[PDB]
Structure formats: structure tokens, C-alpha cells
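Peer 1: structure of the sequence below:
(chains A and B, ligands or ions: 2)
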Amino acid sequence: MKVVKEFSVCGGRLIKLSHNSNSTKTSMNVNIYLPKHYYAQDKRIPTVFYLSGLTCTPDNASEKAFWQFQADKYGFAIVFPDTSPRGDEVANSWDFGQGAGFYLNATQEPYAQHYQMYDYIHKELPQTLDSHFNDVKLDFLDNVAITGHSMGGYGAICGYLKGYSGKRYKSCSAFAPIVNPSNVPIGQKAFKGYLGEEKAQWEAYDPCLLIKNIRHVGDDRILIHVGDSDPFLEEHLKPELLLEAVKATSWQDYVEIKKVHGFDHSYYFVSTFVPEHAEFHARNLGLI
Amino acid sequence: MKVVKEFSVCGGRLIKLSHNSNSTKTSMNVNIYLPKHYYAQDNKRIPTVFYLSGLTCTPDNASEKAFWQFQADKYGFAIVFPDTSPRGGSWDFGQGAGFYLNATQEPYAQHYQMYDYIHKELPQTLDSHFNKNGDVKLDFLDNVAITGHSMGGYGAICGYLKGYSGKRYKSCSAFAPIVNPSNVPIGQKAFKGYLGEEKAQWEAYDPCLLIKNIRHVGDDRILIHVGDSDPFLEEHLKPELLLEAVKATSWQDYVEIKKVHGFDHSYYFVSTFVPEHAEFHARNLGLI
Ligand SMILES: [Cu+2]
Ligand SMILES: [Cu+2]
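Peer 2: Numbering: from 1, shown residues only, chains lettered A, B, ... in the order given. Ligands and ions are numbered 1, 2, ... in the order given. Pasting the structure now:
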């Protein structure tokens, strides 16, 4: 990969990266924060993958979530991927297209060409980062957490479940996730656009449908925060739907939704709860 | 004074305000964070930190990227984020670039009374809003600290010195400040535009000149951070001129400039050092 820019933050560094992606057939932008532990003289640092919401680039969470303080405190690295392929040659209002790939492998043209964000996030990007950085000093593949906000919250829960039986991610949380995009207005527009009008091809990407037949094991838990003043809550987020979907299943008591008063959708909300989630992921990654 | 929006953050609230400014004669935008202490309602009042922003910024930038809120909760202060000019071409000068001066030149004198705005009008307006529901929790006037970034770091130091006889502010710090605006390009342009080309008006606003004949009292200290990877440092900030100014002065030994390696001018630098500045302001405000 190519180092675009580095920033000193806390005891470590935020690095802006670009690389030519095979999944998307274009150049991609990725931010990573390396904690103070990476630069300490004289075992692998686990990683947290944070997926962003509609319209965001990697700079938004990097600047406004303050994960970096939490990364130094516990000893993890954190990766901020992009939300879609970008560029003049890529097909492209705020809720679909560029900045809005919904973490799916597109089948409909002209999106199919560049919109393979499911493969980009869970397959290509981790071992690309592994090639670049790795002595495995950093674990991108085995001991890894996934989290995110909104559409990113959706991507996180979706990736965790679809990989659960093979233990793909060892930890999962979300901030204001869209839990059931197949029957919600903002999720139907992306599904129709990328996957076509056949609703059966949607099913494989829908947390509420996927979770029912995944056998929960151990004390594994999904942590969700959502604010009661979130303007998207009633119409698009509908976190209730997932609590209903796990009723009478092995997952019933292991999806923890915390509805918090006064908080909205913003990074003021996110940054407030970053420390609690950081503690959550660090425990699961065996750091405390 | 009028409320525009009101987010929950950490244990408290960030309120976006607007009012008709008599000194700018325009409408003005101000963000204020109120800590968890303000909403715990079962003696001594909550003090205020005034954070002045740099060239270009609105109150929203520091509100979102500095994470003062966690520190305000930790120690028990309020924090006010004023704007950098009247609102309603060039980035050195004009809107977002008022330089915390009372402009004497036309047509600027009309609206660019930013010194009176910061130091007289705003604290009294805020006081009238939060303690003219007839009962008093905050202190915008007596127990107050001042801080800032770049142009804001200049304004903070300048305000602290000009009001030192009477202790207008009980505490002062800066992030990558412009210390000697008279001797610096971007300072000379703003000074020429607002004040004219007459030096008795210039020296009344220059900290390096002001500090020499102000009698230092007690244990008062000015805390400054700067990065060595700051692209503005070498030409425009030049923080060590302030160390030379206080040479053989009662202020010698009381100006603390921490140069930290690898940090730049960004909010990655500011936010890294906010917890230390917060502790500093907290002692001086008698909160710890
Ligand atoms: Cu490389
Ligand atoms: Cu009012």
C-alpha cells in the first residue's frame, strides 16, 4: 500500500493510506491508527475494524470519535475503511451510490463493476494491510473486532453473523445500526439498486433473517447503543426488529440494546460511547 | 439569547446559541458545553473556560474535534466556543479572521468589535441567559480561564495580559499560538486592515510588547504547546519570541513552552494535549 499522510496523535499515529483494490477495480482510501504499543522498543496487537455510515469518508470517524485514546489505553489498532468506491470512473442521492455502498457485493450493472464492498471489507483489505505491515506485529486476520455506525453498524453486525460459525470476528458492537434494511425505506433503495428486484437475493445480507439459524455459543454478545432523540430511529433504525427476531432462539438473551436518553445520531453520540465499547472489545480481544 | 440546537454529549449538553450582538451589530453563533455538574441538582459555582478558535473555523470545529467535553465532566467546568468573526475573498482577513481586535478602520469598525465581543459582551450575555432564570449556577465573569488555537491562542494570551491587572482571567493557555503578530505577515495584514498603519494601536495588541511592563504576581503561569511538524510554526507562529520578550522580566520563568516532536497544527495535536490543559485550567480555577 501507499502512505498518503501520517499524523501524531496520543502516543501513536494516524496513517492515511491508498491502494489499488481488486474487489472494487479502483483506488481506495483507508485510515489506520497505530497505538503507542507499536512504537515501543523491546504478542500481536489485535485490531478493531470500524465501519462508517452514509456519506462519511475515513477522516470523519478518525477526527470525531477519539478512538485513539482508547487504543493506547488498551493496546489495539483501529482501521477506518471507506464506505464505497470513489472516483470519476465509478458510477454514482446521499443515500445511494458513492459514500453509500451498503457493504454488499453489487450484482446489478452499472454498480456490479466497482461496488464489491462486502469482499473489500472482509476479505481483501485485512490481508492487504497484513502484507503492508507484517514478525506479525499486528493481527488483521485472527484476533479481530468489528464495529460501526449506522450503515456501518449494519455492516458490522452482518459481517459478524455471516462469519460466526468460522469465528471470523471475535467481537461485535454497533452505534445506531440499521438492523433490518430489507423492510425499511433507506435499505430497500440500496438493495433494489445493487442486488435487483428479487427479494430472495436480499435475504443473505439481512441480520434479522440470518441470525435465527445461527447457533449462538458461549457468552458471546452483541452490544448496541442507540439514542432516543435519533431522527432515524423510528423509520429506519428500528432496533426493536432485531430483539423480536431473536425471540425464542439461542440468541435471545445475547443481543444487548441500550437506548440512551437525549442522544441523537451524531458523532457527539458516538464519541460519548466509544470508551464503553472500547472496554467491551478489549475484554473480548483478551487485552484485559 | 436564543437556543438553536441542543445535543446530549458525555454527561451534559452542548447548546448551539445565537444572539443579536450589539458590539458586532450582527447575529452571532456560540456553542457552549455544560458539564454533568450543571444537571446534578442537589454552593460554589461552575467556572467557565473560553476557547478561542483559529483562522477559518466556526465554533463547530473545536466542539467536534477537541473532545473538551470529557474533560469538562472530569473536572467540573463549562466551556464556551465563540465564533472567529461577524457573519452575514481572502482567508488571512475578514470573515473567520477577526483576530480578536476592536477594528477602528471603516467599514470594519461597524461590525468587527471582536475584542469587546469576547471580553465584555458575550460573558455578560451568557450570564443573562443562564443566570437570568433568576438563579445562579455558572460563572462567566469572575472565576474564568481563557485558551485557544493559532489565532485563538494569540487572542487568549493577549486577553490574559491586557486584563492581568485585575486578573480578568484566572488562567491562560494556548495551542500553537501566534505570539508576536506585529512581526508576522498574516498578523501585519490583519493589523493594517483593522487598525491602520499606526503603531500605538498595534502595540496595545501585541503580547511580546505588552508582557514586559506587566508586573507578574504569585505563581501565575502561561502554558503553551507547539508541534515541530507544524508548517506554520517557522514563519507565522514563532513561539520562542515570547521567551525572548520575557527575558530579564518579572515574567521570566513563568512562560512554559512545551515543544512536542512529530505533532502538526491539526486537531490531532490539539486533542492529544487537551487533557493536560484541562488539568492545568482546573488547578488554576480551584477545581482541584
Ligand atoms: Cu504497502
Ligand atoms: Cu436568552
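
Peer 1: residues touching the residue of the stretch 151-288 of chain A found nearest chain B, list them.
Peer 2: For the stretch 151-288 of chain A and chain B, the shortest gap (CB to the nearest CB) falls at residue A:262, measuring 3.4 Å. Heads up, the C-betas are built off the backbone N, CA and C, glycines and all. With contacts defined as CB atoms under 8 Å, 6 or more residues apart in numbering or on different chains, residue A:262 is in contact with A:227-229, B:7-8, B:13.

Peer 1: can I have the buried ones of the residues you listed as a ChimeraX selection?
Peer 2: A single ChimeraX command selects the buried members of these (16 or more other CB atoms under 10 Å in any protein chain shown):
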select /A:227,229 /B:7,8,13
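
Peer 1: between the contacts of residue A:262, which is nearest residue A:82?
Peer 2: When these are ranked by distance to residue A:82 (CB to CB), residue A:227 comes first, at 25.2 Å.

Peer 1: for that closest one, which non-adjacent residue is closest in space?
Peer 2: Closest residue in space to residue A:227, ignoring its immediate chain neighbours: residue A:263 at 2.9 Å, by CB to CB, 6 or more residues apart in numbering or on different chains.

Peer 1: isn't there a strand covering that neighbour?
Peer 2: No - the assignment for residue A:263, made by DSSP: H, G, I helix; E, B strand; the rest coil, is coil rather than a strand.

Peer 1: what about it, how many residues nearby?
Peer 2: Residue A:263 has 23 neighbours, counted by other CB atoms under 10 Å in any protein chain shown.

Peer 1: and the residue of the stretch 151-288 of chain A closest to chain B, how close does it get to residue B:67?
Peer 2: From residue A:262 over to residue B:67 the distance is 19 Å, taken as CB to CB, to the nearest Å.

Peer 1: cool, residue A:4 as well?
Peer 2: From residue A:4 over to residue B:67 the distance is 24 Å, taken as CB to CB.

Peer 1: ok, those two, which is more surrounded?
Peer 2: Ranked by neighbour count (other CB under 10 Å), residue A:4 and residue B:67 place residue B:67 first, with 25 against 12.

Peer 1: correct me if wrong: the more buried one contacts residue A:65.
Peer 2: No - counting by CB atoms under 8 Å, residue B:67 stays clear of residue A:65, with 9.4 Å between them.

Peer 1: check contacts around residue A:60.
Peer 2: Per CB under 8 Å, 6+ apart, neighbours of residue A:60: A:52, A:267.

Peer 1: part of a helix, is it?
Peer 2: Yes - with three-state DSSP as the criterion, residue A:60 is located in a helix.

Peer 1: keeping just the C-alphas, turn stretch A:126-133 into PDB.
Peer 2: This file holds the C-alpha atoms of stretch A:126-133, laid out as PDB (Å, rounded to 0.1, in the frame of the first residue of the first chain):
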ATOM      1  CA  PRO A 126      -7.400  -7.300   6.000                       C
ATOM      2  CA  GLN A 127      -4.700  -9.300   4.200                       C
ATOM      3  CA  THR A 128      -3.700  -6.200   2.100                       C
ATOM      4  CA  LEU A 129      -3.000  -4.400   5.400                       C
ATOM      5  CA  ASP A 130      -1.200  -7.600   6.600                       C
ATOM      6  CA  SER A 131       1.100  -7.600   3.500                       C
ATOM      7  CA  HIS A 132       1.900  -3.900   4.100                       C
ATOM      8  CA  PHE A 133       2.600  -4.000   7.800                       C
END
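
Peer 1: which residue packs closest to residue A:78, ignoring adjacent ones?
Peer 2: Nearest non-adjacent residue to residue A:78 (CB to CB, 6+ apart): residue A:48, at 4.5 Å.

Peer 1: likewise residue A:87?
Peer 2: residue A:26 (5.3 Å).

Peer 1: hang on, the earlier thing: tell me which two of the contacts of residue A:262 sit farthest apart.
Peer 2: So, those by CB to CB: farthest apart are A:228 and B:13, at 14.5 Å.

Peer 1: okay, now residue A:231: neighbour count?
Peer 2: 12.

Peer 1: ok now do the closest residue in space to it that isn't next to it in sequence, which residues does it touch?
Peer 2: The shortest distance from residue A:231 to any non-neighbouring residue, by CB to CB, 6+ apart, is to residue A:265 (6.2 Å). Taking CB under 8 Å, 6+ apart as the criterion, residue A:265 is in contact with A:150, A:176, A:227, A:230-232.

Peer 1: quick one: the helices in the stretch 151-288 of chain A, in order.
Peer 2: Here the stretch 151-288 of chain A has its helices, by DSSP state H, counting those that start in this stretch, at A:151-162, A:185-195, A:207-210, A:240-245, A:267-284.

Peer 1: could you dump those into JSON lines and include distance to ligand 1 and mean neighbour count?
Peer 2: Below are these laid out as JSON lines (distance: least, CB to the ion, whole Å; neighbours: other CB atoms under 10 Å in any protein chain shown):
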{"stretch": "helix A:151-162", "distance to ligand 1": "24", "mean neighbour count": "26"}
{"stretch": "helix A:185-195", "distance to ligand 1": "30", "mean neighbour count": "19"}
{"stretch": "helix A:207-210", "distance to ligand 1": "34", "mean neighbour count": "20"}
{"stretch": "helix A:240-245", "distance to ligand 1": "38", "mean neighbour count": "17"}
{"stretch": "helix A:267-284", "distance to ligand 1": "26", "mean neighbour count": "21"}
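
Peer 1: turn those helices into a markdown table, including distance to residue A:218.
Peer 2: Output for the helices of the stretch 151-288 of chain A, formatted as a markdown table (distance: least, CB to CB, whole Å):
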| stretch | distance to residue A:218 |
| --- | --- |
| helix A:151-162 | 14 |
| helix A:185-195 | 30 |
| helix A:207-210 | 19 |
| helix A:240-245 | 20 |
| helix A:267-284 | 11 |
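
Peer 1: which one, of those, ends up nearest to residue B:166?
Peer 2: For the helices of the stretch 151-288 of chain A, the distance to residue B:166 is smallest for helix A:267-284, at 36.5 Å, taking CB to CB.

Peer 1: what about the closest one, near chain B?
Peer 2: Yes - part of helix A:267-284 sits near chain B under the criterion CB under 8 Å from any CB of the partner chain, namely A:267-269, A:271-272.

Peer 1: ok, residues contacting that helix?
Peer 2: Outside helix A:267-284, the residues that reach it (CB under 8 Å, 6+ apart) are A:48, A:60-61, A:64-67, A:70-71, A:73-76, A:145, A:147, A:149, A:170-171, A:173, A:175-176, A:223, A:225, A:227, A:230, A:260, A:263, A:288, B:7-10, B:14, B:64, B:67, B:69.

Peer 1: centroid-wise, who is the farthest residue in chain A?
Peer 2: For chain A, the C-alpha lying farthest from the average C-alpha position belongs to residue A:42; by CA atoms, centre = their mean, that distance is 32.4 Å.

Peer 1: tell me the secondary structure at that residue.
Peer 2: Using three-state DSSP, the structure places residue A:42 in coil.

Peer 1: okay, the residue in the stretch 101-250 of chain A that ligand 2 sits nearest to and ligand 1: tell me how far apart.
Peer 2: Going by CB to the ion, ligand 2 is nearest to residue A:229 of the stretch 101-250 of chain A, at 22.2 Å. According to CB to the ion, to the nearest Å, residue A:229 stands 43 Å off from ligand 1.

Peer 1: quick one, phi psi at the residue nearest to that residue when sequence neighbours are not counted?
Peer 2: Of all residues not flanking residue A:229 in the chain, residue A:264 sits nearest, at 4.8 Å (CB to CB, 6+ apart). Note on residue A:264: backbone dihedrals following degrees, to the nearest 10 are phi -110, psi -150.

Peer 1: in the stretch 1-150 of chain A, which spans are strands?
Peer 2: Counting by DSSP state E, counting those that start in this stretch, the stretch 1-150 of chain A has strands at residues A:2-9, A:12-20, A:27-34, A:47-51, A:77-80, A:144-148.

Peer 1: outside of the fourth one, which residues touch it?
Peer 2: To tie it back to what came earlier, the one meant is strand A:47-51. Strand A:47-51 is contacted from outside by A:61, A:65, A:67, A:71, A:76-81, A:83, A:103, A:121, A:126, A:138-140, A:143-149, A:151-153, A:155-156, A:169, A:171, A:281, A:285, using CB under 8 Å, 6+ apart.
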